[PDB]
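Below you'll find the structure, written out as structure tokens, and then a few comments.
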Amino acid sequence: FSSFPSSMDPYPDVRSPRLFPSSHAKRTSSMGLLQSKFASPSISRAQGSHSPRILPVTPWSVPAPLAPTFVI
Amino acid sequence: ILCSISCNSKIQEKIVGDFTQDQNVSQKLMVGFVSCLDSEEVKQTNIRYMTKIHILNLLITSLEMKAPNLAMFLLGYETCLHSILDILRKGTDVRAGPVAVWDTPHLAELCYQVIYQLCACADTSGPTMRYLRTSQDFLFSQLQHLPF
Amino acid sequence: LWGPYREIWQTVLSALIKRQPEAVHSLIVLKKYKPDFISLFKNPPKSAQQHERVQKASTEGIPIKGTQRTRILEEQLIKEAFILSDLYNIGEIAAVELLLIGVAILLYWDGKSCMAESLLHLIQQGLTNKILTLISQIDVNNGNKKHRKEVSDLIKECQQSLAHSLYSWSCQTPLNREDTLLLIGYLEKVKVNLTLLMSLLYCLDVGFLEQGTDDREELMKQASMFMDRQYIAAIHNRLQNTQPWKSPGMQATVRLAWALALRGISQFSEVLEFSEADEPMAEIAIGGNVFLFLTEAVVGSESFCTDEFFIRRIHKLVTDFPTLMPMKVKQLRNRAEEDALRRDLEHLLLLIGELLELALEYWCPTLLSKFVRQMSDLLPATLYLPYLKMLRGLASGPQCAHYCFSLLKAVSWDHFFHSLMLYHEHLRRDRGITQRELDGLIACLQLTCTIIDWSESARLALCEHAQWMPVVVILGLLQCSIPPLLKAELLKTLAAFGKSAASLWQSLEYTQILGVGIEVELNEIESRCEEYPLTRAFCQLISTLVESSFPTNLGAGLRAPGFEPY
Amino acid sequence: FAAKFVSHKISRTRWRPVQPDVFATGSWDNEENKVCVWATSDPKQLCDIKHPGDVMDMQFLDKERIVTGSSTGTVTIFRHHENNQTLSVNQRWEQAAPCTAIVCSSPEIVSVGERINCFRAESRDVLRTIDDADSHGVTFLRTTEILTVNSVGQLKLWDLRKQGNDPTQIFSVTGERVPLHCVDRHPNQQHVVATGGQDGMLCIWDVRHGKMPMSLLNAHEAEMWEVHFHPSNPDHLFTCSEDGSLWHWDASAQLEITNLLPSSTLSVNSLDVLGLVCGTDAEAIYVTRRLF
């Protein structure tokens, strides 16, 4: 039923195109890796070290309002 | 709920006494059960169909485990047992070509499975076979209504 | 013979499924117990006898139709049989055939039930003459305590059945149309009325409208060979207000409902002056509490076997009133109420809706003039307060409620939301508002809740429309000091969003963050409160949310188990 | 009803926050004033509190903490670390004249004198002080309202929520005959209240329904002592008198009041009963632990 739930989540179609809608998706508390890769690419766009430490920090917190902060 | 209560454990002697404390109430309940059994011979009909499905499943699921039990006293063994015979010897399971209506042979199967348990056990074969050989007819009435 | 009657009923049911006479006719017996069906539940000659004295037979013997039963009439049977005769005023040998067949009293009841039920099913001049006799017999009839309760239930069933049979005789045509005055007068003499109201409405709306009978010449120069129109005119003249007419308010309502129909039966103003033959008599009826009676009927609306049909009839009556009477609506509200109205009319409409003819009426309503009327309602605050209730009444019908919502829409909801935000702001600046204005708001939110639930699309629109801002406004109202009806309508609003979970759960979390406050509210509830009327709606909302799938993210901020504490 | 001689005239008893199984007790009137925690149920004197100062207020400040008020109107509270059997004395104030009863409004431990010193949850500074002289009724009718009842038995709803130092309301009998010993306030609704008359009467009260004396009585003998009430059956309760007496007034039953307890002894200590004592006006030694 997880796939069905994912489909339902994708069914909302809140707006095009948003990382804020990506956060609306993380509302379920489950985040796809692709998003993480995109975030890493954005970070890339000492910096590498920060990403390594920033990514670790994001990993440390999975709680609501933490992922948003980690993403920021 | 009587099925789940009465099919989890071996029935205690104290419970029957507690049930008969009222004395009058147990008899009244038995009478009500007999009336329900006899009531045949659309929401209400649906309820009856459901109740039959439940009650008959409860009597079978208690019965498989053993005897004596609550069901034996509610059949009037120290009646509803005769109502099981009375419903069987009136049941018409055919409507003249609109098919044998599958709810009605299912009702007959549920009544008969009780009687089968009550002639296989040593406790009940003596009394049950004796009362099936007296009026109202057992072997004669069923062979009257049995279709080819 | 009760068992036989039951067997006949099953055959009738079988015919019904197939729509064919075949089951009745494939089993003769209808044309055997035929005068028993005509006699209905009456036992009219064979009531308790002393010539039928069962125990004075020294041989213990009784005869029936044909065979006799001497060796079976033993003293236990004698006592069950006299218990019947003393208990029910019934002939003793009749009481014995009733123990032999099938508990004898129960069998007799089944026999009354089976024949009556069969007649009702068929409907769905012995028999037409036997209605009165049947009514009289019931009146005569009117662990021991339990038995009495059972008897009362049986009486209620009798007063519930026969009601179908009498309705059907109106639908088939047999009791038309000189039996109106006898029906009306009897009703005046007499909640059992709702069978009667259901009977009257159709007759005003069709059978008394344009059918009639071509007979009943009780006068020589009043009617001729065609009594159709002549009787319509005779009823119109007969119907009036009288000095004790204000005690039968039921007769006033039925008489008004005639004038409603009568307005459309009148081909033109050629015979009739409108300002003597309609408008005074209808106004005089209004001043005799006729509209109030309809509201009472709506309050008394209750699920019945013919109840859906009755509701359809009520919807038809409502259609007749907005259709043919807007002059009376305008006379009352736009001149007499404002001066001394529109709110009352809106209330009446809501009532009718709540009480699928109604759905069909709503569909019919689903235009420029109607829009203008809506604008007028919005103008005055009181007028606006009528409108929401009227809309919900459209809302109540399943086809109707969606249709009613569409009619209200064809914007207005957004304006209402703006008023709620504005109203909330005003309250904050200042249950902190005129009782009539607050009651208005209760009706706005009650029309809102109903329209959202009934239609999936409407509910969806309410849930996620930026202009309306319903979720935020509701929260502000809840946070601000507020009345119990108002907090209940916030929960009914939340129901739409719930039906539309993460969005709702997040909102709940935000509310919790904004739970010490929740604990304080619970304490306040413990201290109170207005009789627990507020508690149930909140419980229901919680249950619906629980039905919605749980979200892992919610309750994250608090440690370990945020979902559990609620 | 297993009695137990403490050989110590008891002044306090709590079915502790943790059924009525964890007993604690405070023993006043001894040369080094006493209290024991985990006693006894079975010797179990884990915290037989060696303590100067006596017990005016007393509260299970957690299931591992204990609040109290000390004899001169001082304050005394430790944290009942029942694991390691030691503790840490939390609250120690000097001059909060003793206090006359003990109220609560969580977690500001409100109280009354026979002046109000509102300490609270970690409020080691005396925050609120509506220093109004009182001529022993103390509770939370609603947070944070209260009603001071002077020894004319003279109740008066005041607060500490809004500002001000008067009372807001007043409950009073016609004659003010008895003194402030024992009033009642119902857990069925925190706007429902009663009292017990020190003649052996009730004094039932209506907040909303006027302010009349609803129900007196004449049943007990001595001053109003304290009432055992079920902590979940609000209605179930039984009455008492100031010799330590106890007349079971079966109030979940209708006046069914009899010679209840293991009677005829000296007085009883303080009340907490859930699943126990109903302490008298004179607080002697007694026990029974069979409260179901």
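Ordering of the structure tokens sets the chain letters (A, B, ...), residue numbers begin anew at 1 in every chain, and ligands are numbered from 1 in the order given.
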**Report entry** All residues 8 Å or closer to range 32-46 of chain C, only C-alpha atoms, same chain fewer than 4 positions away omitted, as a ChimeraX atom specification
**Finding:** /C:28,90-91,94,112-113,115-116,119,126-127,130,133-134,137
Residue hits in chain D, query chain C, radius 10 Å, only C-alpha atoms, as a PDB file with N, CA and C atoms, in the first residue's frame:
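Listing of iface-v2.pdb after writing:
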ATOM      1  N   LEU D 141     -10.959  26.553  42.801  1.00  0.00           N
ATOM      2  CA  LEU D 141     -12.279  26.417  42.201  1.00  0.00           C
ATOM      3  C   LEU D 141     -12.168  26.472  40.692  1.00  0.00           C
ATOM      4  N   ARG D 142     -11.344  27.378  40.199  1.00  0.00           N
ATOM      5  CA  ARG D 142     -10.835  27.341  38.833  1.00  0.00           C
ATOM      6  C   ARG D 142      -9.478  28.021  38.946  1.00  0.00           C
ATOM      7  N   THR D 143      -8.552  27.664  38.067  1.00  0.00           N
ATOM      8  CA  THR D 143      -7.247  28.305  38.090  1.00  0.00           C
ATOM      9  C   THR D 143      -7.391  29.770  37.712  1.00  0.00           C
ATOM     10  N   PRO D 187     -14.935  16.917  43.106  1.00  0.00           N
ATOM     11  CA  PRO D 187     -14.276  16.587  41.840  1.00  0.00           C
ATOM     12  C   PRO D 187     -15.245  16.277  40.730  1.00  0.00           C
ATOM     13  N   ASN D 188     -16.538  16.158  41.023  1.00  0.00           N
ATOM     14  CA  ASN D 188     -17.522  15.952  39.971  1.00  0.00           C
ATOM     15  C   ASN D 188     -17.628  17.167  39.088  1.00  0.00           C
ATOM     16  N   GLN D 189     -17.424  18.337  39.669  1.00  0.00           N
ATOM     17  CA  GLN D 189     -17.382  19.590  38.936  1.00  0.00           C
ATOM     18  C   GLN D 189     -16.720  20.592  39.858  1.00  0.00           C
ATOM     19  N   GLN D 190     -15.694  21.285  39.374  1.00  0.00           N
ATOM     20  CA  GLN D 190     -14.969  22.211  40.231  1.00  0.00           C
ATOM     21  C   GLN D 190     -15.738  23.476  40.539  1.00  0.00           C
ATOM     22  N   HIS D 191     -16.993  23.573  40.144  1.00  0.00           N
ATOM     23  CA  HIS D 191     -17.891  24.538  40.727  1.00  0.00           C
ATOM     24  C   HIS D 191     -18.916  23.895  41.641  1.00  0.00           C
ATOM     25  N   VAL D 192     -18.630  22.735  42.205  1.00  0.00           N
ATOM     26  CA  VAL D 192     -19.527  22.116  43.172  1.00  0.00           C
ATOM     27  C   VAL D 192     -18.780  21.908  44.480  1.00  0.00           C
TER      28      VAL D 192
END
Query raised in the report: Do you know which residues are at most 9 Å from residue 351 in chain C counting only C-alpha atoms, after dropping those on the same chain fewer than 5 positions away, and could you put them as a ChimeraX atom specification?
Result: /C:294-299,346,389-390,393
Residues as selected, C-alpha atoms, written as a PDB file, in the first residue's frame, can you do that?
ATOM      1  CA  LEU C 294     -45.279  23.186   8.620  1.00  0.00           C
ATOM      2  CA  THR C 295     -42.189  23.984  10.690  1.00  0.00           C
ATOM      3  CA  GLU C 296     -43.564  21.765  13.448  1.00  0.00           C
ATOM      4  CA  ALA C 297     -44.017  18.982  10.887  1.00  0.00           C
ATOM      5  CA  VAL C 298     -40.405  19.438   9.788  1.00  0.00           C
ATOM      6  CA  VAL C 299     -39.340  19.178  13.434  1.00  0.00           C
ATOM      7  CA  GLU C 346     -35.766  31.016   4.939  1.00  0.00           C
ATOM      8  CA  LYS C 389     -30.893  27.814   5.842  1.00  0.00           C
ATOM      9  CA  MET C 390     -32.777  27.884   2.574  1.00  0.00           C
ATOM     10  CA  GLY C 393     -32.585  22.687   2.630  1.00  0.00           C
TER      11      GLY C 393
END
**Report entry** Shell of 10 Å around residue 45 in chain D, only C-alpha atoms, local chain residues under 6 positions omitted, as JSON, numbers by chain
**Finding:** {"D": [24, 35, 36, 37, 38, 39, 85]}
Query - Selection near residue 241 in chain C, 9 Å with only C-alpha atoms, sequence-local residues under 5 positions removed, as an MDAnalysis selection string - result: chainID C and resid 246 252 281 284:285 288
Now that the selection is made, can you save its residues with N, CA, C and O atoms as a short mmCIF file (atom, residue, chain, number, x, y, z; two decimals), in the first residue's frame?
data_model
loop_
_atom_site.label_atom_id
_atom_site.label_comp_id
_atom_site.auth_asym_id
_atom_site.auth_seq_id
_atom_site.Cartn_x
_atom_site.Cartn_y
_atom_site.Cartn_z
N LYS C 246 -58.99 28.40 14.90
CA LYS C 246 -57.65 28.59 15.39
C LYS C 246 -57.20 27.54 16.41
O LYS C 246 -56.00 27.40 16.64
N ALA C 252 -56.23 24.52 9.32
CA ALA C 252 -55.75 25.75 8.72
C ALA C 252 -54.64 25.52 7.70
O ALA C 252 -54.68 26.06 6.60
N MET C 281 -58.00 34.92 2.21
CA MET C 281 -58.15 33.61 2.81
C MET C 281 -56.83 32.95 3.15
O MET C 281 -56.70 32.31 4.20
N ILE C 284 -55.37 35.32 6.12
CA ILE C 284 -56.12 34.91 7.29
C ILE C 284 -55.63 33.57 7.81
O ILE C 284 -55.57 33.33 9.02
N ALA C 285 -55.29 32.63 6.90
CA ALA C 285 -54.63 31.40 7.27
C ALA C 285 -53.23 31.66 7.87
O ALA C 285 -52.93 31.13 8.93
N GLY C 288 -53.44 32.67 11.25
CA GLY C 288 -53.90 31.54 12.05
C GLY C 288 -52.85 30.49 12.32
O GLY C 288 -53.21 29.43 12.82
#
